[PDB]
Amino acid sequence: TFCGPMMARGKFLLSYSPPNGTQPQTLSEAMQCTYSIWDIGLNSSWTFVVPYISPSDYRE
Amino acid sequence: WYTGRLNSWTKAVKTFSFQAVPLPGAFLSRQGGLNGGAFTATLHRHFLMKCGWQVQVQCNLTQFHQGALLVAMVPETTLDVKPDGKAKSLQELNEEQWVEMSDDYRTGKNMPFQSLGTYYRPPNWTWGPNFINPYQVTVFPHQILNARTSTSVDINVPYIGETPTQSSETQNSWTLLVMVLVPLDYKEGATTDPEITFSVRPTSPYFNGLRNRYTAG
Amino acid sequence: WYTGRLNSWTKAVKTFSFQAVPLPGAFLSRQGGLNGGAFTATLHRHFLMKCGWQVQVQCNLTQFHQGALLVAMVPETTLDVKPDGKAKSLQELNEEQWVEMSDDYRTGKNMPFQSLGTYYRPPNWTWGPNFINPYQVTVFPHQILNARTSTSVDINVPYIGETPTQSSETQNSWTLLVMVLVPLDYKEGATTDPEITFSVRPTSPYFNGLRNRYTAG
Amino acid sequence: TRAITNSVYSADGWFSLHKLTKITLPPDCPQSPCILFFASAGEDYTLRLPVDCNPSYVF
């Protein structure tokens with residue numbers, strides 16, 4: 001959810017990254033992973049859900 | 001279709017000696033001068049994989065040659081690592097040229113393990129669950145290589161695993177090995193020390209996930 | 001099927017440089033070491049001909065090569081002659097190795113012409129109808145040659161001409177040319193300066209007339 | 001078709017290309033890839049009001 005001024009606009013990018021050697025740092029590296037575009041002005045809550053991925057039936 | 005070169009047979013090789021190609025792990029090191037070029041890198045950008053395999057062998061003897069070679073697909077093996085817990089190097093491969101039988105492998109004695117530390121007494125290691133039974137190798141999918149009729153190798157193993165899928169950088173459930181049944185002998189003049197070549201084909205793969213190129217820990 | 005050898009690509013070649021094979025004229029000189037053996041002589045004993053063509057190209061680059069080549073069929077060209085009005089020699093071909101772009105060709109300036117003589121003033125030549133437009137070459141039937149995907153060349157141009165048929169020793173309405181789009185570059189070790197080979201096939205010919213072997217004027 | 005003086009009906013802004021992310025440089029491959037651009041008239045392209053040419057190209 002956003003809480004700010006009236007006449008301000010912007011853009012945001014949401015992404016998820018599975019495990020690897022280390023957490024991604026650059027937006028360039030992140031962009032390769034799954035991502036979505038959330039505009040500031042279209043709506044105020046761009047819901048996000050992380051898909052369930054794992055090599056088993058459950059997780060610890 | 002990926003192809004690779006193994007070390008060349010010599011009469012100096014003893015019996016029960018062997019060498020193995022752990023797929024798909026060998027790809028990372030391009031074992032035997034093999035470069036898939038597409039799958040090798042595609043694995044890096046993914047994490048979970050599920051595919052089969054299909055292999056082949058070749059070795060050209062001649063009318064005046066004799067010998068016997070054993071080839072089989074043994075799953076869940078862990079013979080591709082040094083006793084400490086590190087995989088061998090290219091220099092080590094070029095040096096050994098072959099894996100010689102030893103009581104350690106017969107007993108699973110020297111497989112990798114974690115050191116206990118300063119808190120404990122030093123235990124006497126005696127046995128392990130990854131022993132090697134030289135004679136009963138024939139139980140698993142296999143074929144023979146006789147100098148009089150050895151044409152090539154062929155096998156197609158279905159997928160296996162503790163789970164439907166596993167991580168690429170760690171999974172190892174299938175492995176190819178070759179064993180020298182009868183020491184090579186021949187009259188001089190014909191093909192001397194024939195080379196051994198291997199081919200590998202995956203089947204019905206399903207790559208999973210997406211991320212940047214994997215980075216070393 | 002006649003085959004011929006062209007000069008080999010080198011990184012020294014500039015861009016927009018070119019070489020061409022004017023069919024069927026090149027046969028008379030056996031351009032690029034080509035000898036049809038049957039059609040070549042059959043043309044001599046006849047005078048009028050009407051046939052199509054079918055060409056092909058080849059050039060083997062390697063994984064670590066990059067470049068771009070342009071190949072097209074441009075009709076009614078007259079670039080296979082020196083400015084004076086004489087065709088080049090084998091020594092001249094071996095020397096040049098390539099046709100470099102020049103304002104003269106861009107403007108059709110130096111195409112062959114008749115000298116006026118002593119009666120007239122010397123005119124200043126400025127332009128001609130056989131200019132060369134380097135960029136718009138793609139309009140005619142053509143294909144690209146990229147080191148990553150350049151396999152071969154293929155084309156099949158129907159017959160053309162001011163009349164249904166023409167004299168063999170003079171007719172020239174079709175011509176093959178190759179242009180260097182991107183200068184060649186590569187890492188040392190792989191194939192260096194790959195060769196370029198060409199093939200030619202006529203189709204549905206109809207030789208006309210009969211007489212002894214043609215004699216030079 | 002031609003703009004004697006800049007006008008709304010003459011110019012229509014610009015077009016540009018941006019590199020989104022750093023490209024990958026694999027082992028021992030050459031550098032500096034090459035990109036080419038081509039233009040063509042759309043299916044609805046149409047001209048009007050013919051005129052006489054500029055003969056400058058003769059020079």
# chains A, B, ... in the order shown; residues from 1 in each chain; ligands from 1
>>> residues_around(residues="range 50-60 of chain A", least_positions_apart="6", cutoff="8 Å", atoms="only C-alpha atoms", output="list in words")
residues 16 of chain A; 48, 163, 164, 165, 166 and 167 of chain B
>>> write_last_selection(atoms="N, CA and C atoms", output="mmCIF file, in the first residue's frame")
data_model
loop_
_atom_site.group_PDB
_atom_site.id
_atom_site.type_symbol
_atom_site.label_atom_id
_atom_site.label_comp_id
_atom_site.auth_asym_id
_atom_site.auth_seq_id
_atom_site.Cartn_x
_atom_site.Cartn_y
_atom_site.Cartn_z
ATOM 1 N N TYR A 16 10.902 -11.753 -7.915
ATOM 2 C CA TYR A 16 11.254 -12.862 -7.042
ATOM 3 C C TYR A 16 12.455 -13.587 -7.628
ATOM 4 N N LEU B 48 16.282 -26.526 -11.074
ATOM 5 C CA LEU B 48 15.699 -27.853 -10.956
ATOM 6 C C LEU B 48 15.536 -28.464 -12.338
ATOM 7 N N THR B 163 13.205 -37.693 -4.967
ATOM 8 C CA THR B 163 12.070 -36.816 -5.194
ATOM 9 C C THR B 163 11.832 -36.734 -6.692
ATOM 10 N N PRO B 164 10.654 -36.270 -7.112
ATOM 11 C CA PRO B 164 10.405 -36.133 -8.555
ATOM 12 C C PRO B 164 11.455 -35.304 -9.272
ATOM 13 N N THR B 165 12.047 -34.315 -8.610
ATOM 14 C CA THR B 165 13.090 -33.505 -9.221
ATOM 15 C C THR B 165 14.081 -33.085 -8.149
ATOM 16 N N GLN B 166 15.265 -32.667 -8.596
ATOM 17 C CA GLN B 166 16.341 -32.282 -7.695
ATOM 18 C C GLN B 166 17.081 -31.085 -8.272
ATOM 19 N N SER B 167 17.986 -30.537 -7.466
ATOM 20 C CA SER B 167 18.811 -29.423 -7.910
ATOM 21 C C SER B 167 19.891 -29.918 -8.862
#
>>> residues_around(residues="residue 37 in chain D", least_positions_apart="2", cutoff="12 Å", atoms="only C-alpha atoms", output="list in words")
residues 135 of chain C; 17, 34, 35, 39 and 40 of chain D
>>> closest_atom_pairs(of="chain A", to="chain D", cutoff="12 Å", atoms="only C-alpha atoms", output="CSV")
residue,atom,partner,partner_atom,distance
A:26,CA,D:21,CA,10.0
A:27,CA,D:21,CA,8.7
A:28,CA,D:21,CA,5.4
A:29,CA,D:21,CA,8.3
A:30,CA,D:21,CA,10.3
A:31,CA,D:21,CA,8.4
A:32,CA,D:21,CA,9.4
>>> interface_residues(of="chain C", to="chain D", cutoff="9 Å", atoms="only C-alpha atoms", output="PDB file with C-alpha atoms, in the first residue's frame")
ATOM      1  CA  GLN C  63      32.005 -20.149 -33.249  1.00  0.00           C
ATOM      2  CA  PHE C  64      34.466 -17.291 -32.616  1.00  0.00           C
ATOM      3  CA  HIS C  65      33.896 -15.531 -35.964  1.00  0.00           C
ATOM      4  CA  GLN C  66      31.808 -12.479 -36.792  1.00  0.00           C
ATOM      5  CA  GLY C  67      30.961 -10.610 -39.975  1.00  0.00           C
ATOM      6  CA  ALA C  68      28.301  -9.923 -42.602  1.00  0.00           C
ATOM      7  CA  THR C 107      28.460   7.611 -60.256  1.00  0.00           C
ATOM      8  CA  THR C 126      30.243  13.627 -64.785  1.00  0.00           C
ATOM      9  CA  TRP C 127      27.752  10.770 -64.660  1.00  0.00           C
ATOM     10  CA  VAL C 182      30.547  -6.219 -41.891  1.00  0.00           C
ATOM     11  CA  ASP C 185      36.807 -10.493 -37.385  1.00  0.00           C
ATOM     12  CA  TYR C 186      37.609 -13.526 -35.261  1.00  0.00           C
ATOM     13  CA  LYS C 187      39.814 -14.882 -32.506  1.00  0.00           C
TER      14      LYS C 187
END
>>> residues_around(residues="residue 178 in chain B", least_positions_apart="2", cutoff="6 Å", atoms="only C-alpha atoms", output="JSON, numbers by chain")
{"B": [18, 19, 70, 71]}
>>> write_last_selection(atoms="N, CA and C atoms", output="compact mmCIF listing (two decimals), in the first residue's frame")
# COMPACT_ATOMS: atom_id res chain seq x y z
N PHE B 18 38.74 -49.42 -13.40
CA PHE B 18 37.55 -48.80 -13.95
C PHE B 18 37.74 -47.30 -14.08
N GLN B 19 36.82 -46.69 -14.82
CA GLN B 19 36.64 -45.25 -14.86
C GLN B 19 35.17 -44.96 -15.11
N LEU B 70 33.72 -54.51 -19.24
CA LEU B 70 32.40 -54.46 -18.63
C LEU B 70 31.93 -53.01 -18.55
N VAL B 71 30.72 -52.76 -19.03
CA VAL B 71 30.12 -51.42 -19.02
C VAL B 71 28.72 -51.55 -18.44
>>> select_by_dssp(residues="range 80-202 of chain C", states="strand (DSSP E)", output="PyMOL selection string")
chain C and resi 142-146+166-167+176-186+197-200
>>> residues_around(residues="residue 17 in chain A", least_positions_apart="4", cutoff="7 Å", atoms="only C-alpha atoms", output="list in words")
residues 33 and 34 of chain A; 211 of chain B
>>> atom_distance(atom1="CA of residue 8 in chain C", atom2="CA of residue 33 in chain C")
14.0 Å
>>> residues_around(residues="range 137-139 of chain C", least_positions_apart="4", cutoff="9 Å", atoms="only C-alpha atoms", output="PDB file with N, CA, C and O atoms, in the first residue's frame")
ATOM      1  N   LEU C  70      26.946  -9.744 -48.171  1.00  0.00           N
ATOM      2  CA  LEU C  70      25.758  -9.524 -48.985  1.00  0.00           C
ATOM      3  C   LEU C  70      25.956 -10.166 -50.351  1.00  0.00           C
ATOM      4  O   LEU C  70      26.977  -9.935 -51.007  1.00  0.00           O
ATOM      5  N   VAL C  71      24.981 -10.969 -50.770  1.00  0.00           N
ATOM      6  CA  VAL C  71      25.011 -11.655 -52.057  1.00  0.00           C
ATOM      7  C   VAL C  71      23.681 -11.402 -52.751  1.00  0.00           C
ATOM      8  O   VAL C  71      22.620 -11.536 -52.130  1.00  0.00           O
ATOM      9  N   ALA C  72      23.735 -11.040 -54.031  1.00  0.00           N
ATOM     10  CA  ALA C  72      22.534 -10.699 -54.778  1.00  0.00           C
ATOM     11  C   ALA C  72      22.768 -10.913 -56.266  1.00  0.00           C
ATOM     12  O   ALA C  72      23.906 -10.986 -56.737  1.00  0.00           O
ATOM     13  N   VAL C  74      22.195  -9.087 -59.616  1.00  0.00           N
ATOM     14  CA  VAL C  74      21.943  -7.777 -60.217  1.00  0.00           C
ATOM     15  C   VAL C  74      22.028  -7.929 -61.730  1.00  0.00           C
ATOM     16  O   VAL C  74      23.091  -8.289 -62.245  1.00  0.00           O
ATOM     17  N   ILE C 132      26.323   2.629 -59.326  1.00  0.00           N
ATOM     18  CA  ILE C 132      26.137   1.593 -58.319  1.00  0.00           C
ATOM     19  C   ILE C 132      25.634   2.253 -57.045  1.00  0.00           C
ATOM     20  O   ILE C 132      26.270   3.177 -56.526  1.00  0.00           O
ATOM     21  N   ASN C 133      24.492   1.777 -56.542  1.00  0.00           N
ATOM     22  CA  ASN C 133      23.933   2.277 -55.294  1.00  0.00           C
ATOM     23  C   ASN C 133      24.251   1.276 -54.195  1.00  0.00           C
ATOM     24  O   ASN C 133      23.561   0.252 -54.080  1.00  0.00           O
ATOM     25  N   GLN C 143      20.496 -12.369 -50.367  1.00  0.00           N
ATOM     26  CA  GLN C 143      20.534 -13.043 -49.080  1.00  0.00           C
ATOM     27  C   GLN C 143      21.723 -12.510 -48.294  1.00  0.00           C
ATOM     28  O   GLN C 143      22.618 -11.861 -48.842  1.00  0.00           O
TER      29      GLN C 143
END
>>> interface_residues(of="chain B", to="chain A", cutoff="12 Å", atoms="only C-alpha atoms", output="CSV table (one decimal) with N, CA and C atoms, in the first residue's frame")
chain,number,residue,atom,x,y,z
B,44,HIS,N,22.8,-23.7,-15.8
B,44,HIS,CA,23.2,-22.6,-14.9
B,44,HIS,C,22.1,-21.6,-14.6
B,45,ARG,N,21.4,-21.2,-15.6
B,45,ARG,CA,20.3,-20.2,-15.4
B,45,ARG,C,19.0,-20.8,-14.8
B,46,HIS,N,19.0,-22.1,-14.6
B,46,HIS,CA,17.9,-22.8,-13.9
B,46,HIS,C,18.4,-23.5,-12.7
B,47,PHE,N,17.5,-24.1,-11.9
B,47,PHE,CA,17.9,-24.8,-10.6
B,47,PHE,C,17.5,-26.2,-10.5
B,48,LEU,N,16.3,-26.5,-11.1
B,48,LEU,CA,15.7,-27.9,-11.0
B,48,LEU,C,15.5,-28.5,-12.3
B,49,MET,N,15.9,-29.7,-12.4
B,49,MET,CA,15.9,-30.4,-13.7
B,49,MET,C,15.4,-31.9,-13.5
B,50,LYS,N,14.8,-32.4,-14.6
B,50,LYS,CA,14.3,-33.8,-14.6
B,50,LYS,C,14.4,-34.3,-16.0
B,161,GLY,N,15.1,-41.0,-8.6
B,161,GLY,CA,15.4,-39.9,-7.6
B,161,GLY,C,14.6,-40.0,-6.4
B,162,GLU,N,15.2,-39.6,-5.2
B,162,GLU,CA,14.5,-39.5,-4.0
B,162,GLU,C,13.2,-38.7,-4.1
B,163,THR,N,13.2,-37.7,-5.0
B,163,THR,CA,12.1,-36.8,-5.2
B,163,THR,C,11.8,-36.7,-6.7
B,164,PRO,N,10.7,-36.3,-7.1
B,164,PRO,CA,10.4,-36.1,-8.6
B,164,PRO,C,11.5,-35.3,-9.3
B,165,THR,N,12.0,-34.3,-8.6
B,165,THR,CA,13.1,-33.5,-9.2
B,165,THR,C,14.1,-33.1,-8.1
B,166,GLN,N,15.3,-32.7,-8.6
B,166,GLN,CA,16.3,-32.3,-7.7
B,166,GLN,C,17.1,-31.1,-8.3
B,167,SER,N,18.0,-30.5,-7.5
B,167,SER,CA,18.8,-29.4,-7.9
B,167,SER,C,19.9,-29.9,-8.9
B,168,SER,N,20.2,-29.1,-9.9
B,168,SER,CA,21.1,-29.5,-10.9
B,168,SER,C,22.5,-29.6,-10.3
B,169,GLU,N,23.0,-28.6,-9.6
B,169,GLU,CA,24.4,-28.5,-9.2
B,169,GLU,C,24.7,-29.6,-8.2
B,171,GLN,N,22.5,-32.8,-7.8
B,171,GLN,CA,21.9,-34.1,-8.1
B,171,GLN,C,22.9,-35.1,-8.7
B,208,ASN,N,13.5,-26.1,-14.9
B,208,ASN,CA,12.6,-25.4,-13.9
B,208,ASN,C,13.3,-24.1,-13.4
B,209,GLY,N,12.4,-23.1,-13.2
B,209,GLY,CA,12.9,-21.9,-12.6
B,209,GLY,C,13.5,-20.9,-13.6
B,210,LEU,N,14.0,-19.8,-13.0
B,210,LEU,CA,14.7,-18.8,-13.8
B,210,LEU,C,15.4,-17.8,-12.9
B,211,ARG,N,16.7,-17.6,-13.2
B,211,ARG,CA,17.5,-16.6,-12.5
B,211,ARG,C,18.7,-16.3,-13.3
B,212,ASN,N,19.5,-15.4,-12.8
B,212,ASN,CA,20.8,-15.0,-13.5
B,212,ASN,C,21.7,-16.2,-13.4
B,213,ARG,N,22.8,-16.1,-14.1
B,213,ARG,CA,23.8,-17.2,-14.1
B,213,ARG,C,24.2,-17.5,-12.7
B,214,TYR,N,24.3,-18.8,-12.3
B,214,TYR,CA,24.6,-19.2,-11.0
B,214,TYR,C,26.0,-18.7,-10.6
B,215,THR,N,26.1,-18.2,-9.3
B,215,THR,CA,27.4,-17.6,-8.8
B,215,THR,C,27.9,-18.6,-7.8
B,216,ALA,N,29.3,-18.7,-7.8
B,216,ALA,CA,29.9,-19.5,-6.8
B,216,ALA,C,29.7,-19.0,-5.4
B,217,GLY,N,29.4,-19.9,-4.4
B,217,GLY,CA,29.2,-19.6,-3.1
B,217,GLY,C,30.3,-18.8,-2.4
>>> residues_around(residues="residue 174 in chain B", least_positions_apart="3", cutoff="7 Å", atoms="only C-alpha atoms", output="VMD selection string")
chain B and resid 22 to 23 73 to 76
>>> select_by_dssp(residues="chain D", states="helix (DSSP H, G or I)", output="MDAnalysis selection string")
chainID D and resid 55:58
>>> residues_around(residues="residue 38 in chain A", least_positions_apart="3", cutoff="7 Å", atoms="only C-alpha atoms", output="list in words")
residues 11, 12, 13 and 46 of chain A
>>> atom_distance(atom1="CA of residue 155 in chain C", atom2="CA of residue 54 in chain C")
5.7 Å
>>> atom_distance(atom1="CA of residue 203 in chain B", atom2="CA of residue 7 in chain B")
26.7 Å
>>> closest_residue(among="B:183, B:32, B:4, B:37", to="chain C", atoms="only C-alpha atoms")
B:37
>>> closest_residue(among="C:11, C:142, C:109, C:5", to="residue 188 in chain C", atoms="only C-alpha atoms")
C:11
>>> closest_residue(among="C:110, C:15, C:3, C:146", to="residue 198 in chain C", atoms="only C-alpha atoms")
C:3
